[PDB]
Every structure is written in structure tokens, then in C-alpha cells.
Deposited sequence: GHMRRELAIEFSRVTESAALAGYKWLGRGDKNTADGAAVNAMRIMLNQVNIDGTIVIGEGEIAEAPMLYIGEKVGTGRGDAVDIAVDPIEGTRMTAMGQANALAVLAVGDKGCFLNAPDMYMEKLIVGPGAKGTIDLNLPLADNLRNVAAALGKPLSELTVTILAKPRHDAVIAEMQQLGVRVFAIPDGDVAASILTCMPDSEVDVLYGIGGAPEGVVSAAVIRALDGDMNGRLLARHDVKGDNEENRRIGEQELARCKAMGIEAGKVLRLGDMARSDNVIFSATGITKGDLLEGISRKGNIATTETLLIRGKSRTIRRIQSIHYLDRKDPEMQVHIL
């Protein structure tokens, strides 16, 4: 009967998206974030769950709303773990660019790894390659294994990866291997889902991005029956002496949660059960979702709503504002 709440959760991401859309192209990341955060929190607080924010805007010191540990919901209903990404793509929202979206995942209590806000190496595939990856193996071996499971030559395999300096070496490695590399500007949550979308050319996502984002990916990949491995990585191993300062405290808060960095996390170590509801609403058009449009008094949103237990839904809503 959390099934009954799936629509409630899609309204939460619709609200957050519409709020962030008000600030599209206005050159203010903070105000855009604030609007979507506010809208998401207000709407979650009207839903009949006893939610705890496990993945959110930050710790309470830095994030007054949707902070880690915040209680959300009316408090009626189940105790549930909540992951929020009120805007995935705040820079693009401020600059009027593609691929901004509002994201929420809801799982059983204790379903989501409580990731410190640090880097995570990720390797993500769709259902057709489930059971074929292992971050303890070399990348090249992983890519071969995946292409074989997918029944295509290696030269056809498409890997998407964040276009960042940390990835220069691996991108050239993959290109020398003959793989197609879609080296993307933005974030990796929406991109991770493309591995499970039959109409996307993307077969694999590989590379180092945010750890809390990686757990959101794990929850939706598990729901979609794909596969993922992660590996937590401290800053100095990714980006030194200042990266050592912050990297050392990342390992501190790891130890203070009973999680070890550098060890391969399997899908089930990040998203522990199949009872996940995932909702994402487009702000601007991207690979995964249509953007909001507004003609006068009428706005349209598209929402992808996925439930781990079950049908994948794309909900096109016309809003009379």
C-alpha cells in the first residue's frame, strides 16, 4: 500500500521541478535550489509516510532544509528511507541548459547506504548484462564481459562517463579499446538510468562521481533489475595536501558510520531491498525526460515513475496553474 503513494511521490518531484523552472535562465543557482528544496520538503510533509532523509542537501550545519536525518512526512504510514535530489543540474537550471531534473527515491527503512558526501567509482549496466560486472576486475575485462552478455562486438559498446580531468586516462583507454565513449557535461544519475532504457545507445556508465548520487542510482538500477558496483574513494585519491585535508575527514566520517572506503560495494550494499519508488521530473529537456513547457496559464511536466516491486510509467501532466 506504499504502491498507493507512487502518485503522491510523482507530485513531489512535479512540484520541485516547477519551482526550479521558475528560476530557469536567471543565473542564480542558490535561489533555484532553494525554490526546489522548499517545494520538495513542503510536498513530502503532506505525504503519509514517516520519512527520514538519508540522502539530501547536506548536514544540518550547511543545509537548513532536507538535511541528513531530517524527519519528513505527516508521520502517518511506514518508516521509510528518503533520498532527495531537488535539482540534479542546478548550474544548468541557472544557465538555461539541458538535462536538469528533480529526483526522489523512497525505500524501506534502512534500504539506502548512508553515503558520506565523497567520491564513488561507479560501474552500472542494464538487465541484459546483470551478473556480468565486478569492480575487482580490470575495466577492459568488465567491458568485454558486458559486450558479450549484450551480444554485441566491443567496438559497438557505448560507455557514458563524466567529462572531467580525472577521467582523461580511462577515456583514452576505452577509445584505444575501440569502445564508443559518451563523455557528458552534467551529472550521472539520469545517465545511469539510460543503461536500462532500450532506446538509448548507452550500455554502461563508468567512472567517478558523487557517492550520494551513486546510492540513488543503485536504488533505481535495482528497481529496474540492472546491476551496479561502487567504490568509495577519498578526495586525494581522486583530485595533494588540501584534497588530503578534506579526504582525511571523508575517511573519518566513513569510519564513524562503519563503512570502509576502497572496498567494492555490490548492488545490494547500496540499495538493500527491491521496495523502492523512484520519481524524476524534467526541468529542462534531456536524454531521459522532457522539459517543462509553459504556454500562458498551462504548464506541462514529464515524470518517470518506477517501482521496484513491479511496469515503468512516464506520466505527462498538464498543470492549470
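Counting from residue 1 of the deposited sequence, the stretches lacking C-alpha coordinates in this chain are 1 to 2, 242 to 243, 315, 327 to 338.
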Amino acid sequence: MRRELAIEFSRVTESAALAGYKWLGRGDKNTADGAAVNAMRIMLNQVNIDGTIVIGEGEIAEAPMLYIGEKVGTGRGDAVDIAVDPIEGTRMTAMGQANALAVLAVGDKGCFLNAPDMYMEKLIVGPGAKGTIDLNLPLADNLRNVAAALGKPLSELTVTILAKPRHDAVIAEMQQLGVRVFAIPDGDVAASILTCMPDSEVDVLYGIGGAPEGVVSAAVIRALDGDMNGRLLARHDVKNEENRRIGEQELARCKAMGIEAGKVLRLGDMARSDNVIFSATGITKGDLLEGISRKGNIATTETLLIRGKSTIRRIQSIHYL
From here on, numbers count along this sequence of modelled residues.
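Basically, rigid core = biggest C-alpha set you can superpose within 1.5 Å across the two forms.
Of the two stretches examined, 156 to 164 and 97 to 105, the one with higher mean CA deviation in 4 other deposited structures of this protein after a rigid core fit is 156 to 164. Taking the root mean square of CA deviations in 4 other deposited structures of this protein after fitting on the rigid core, 262 to 270 and 290 to 298 differ, and the farther of the two is 290 to 298. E121 is built in all of the other entries compared, counting only those with both neighbours built, so it is not a gap in a third. Missing-residue comparison: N240 falls in the unmodelled set for a third or more of the other PDB entries checked. The PDB entry reports B-factors from which the mean C-alpha value can be compared for 53 to 61 and 280 to 288; the larger average falls on 53 to 61. Look at the mean CA B-factor for 34 to 42 and for 292 to 300 in the entry; the higher one is 292 to 300. Highest C-alpha temperature factor among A191, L101, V216, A234 per the entry: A234.
Note on the listed residues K309, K22, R11, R313: the highest Cα temperature factor in the record is that of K309. Among the modelled residues of its chain, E248 has a C-alpha B-factor that falls in the highest third according to the deposited record.
When the CA B factors of the chain's modelled residues are split into thirds, the value for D225 lands in the middle one. In the PDB entry, a CA B factor belonging to the highest third of its chain's modelled residues is recorded for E260. Split the chain's modelled residues into thirds by C-alpha temperature factor. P198 is in the highest one. Among the modelled residues of its chain, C254 has a C-alpha B-factor that falls in the highest third, as given in the PDB entry.
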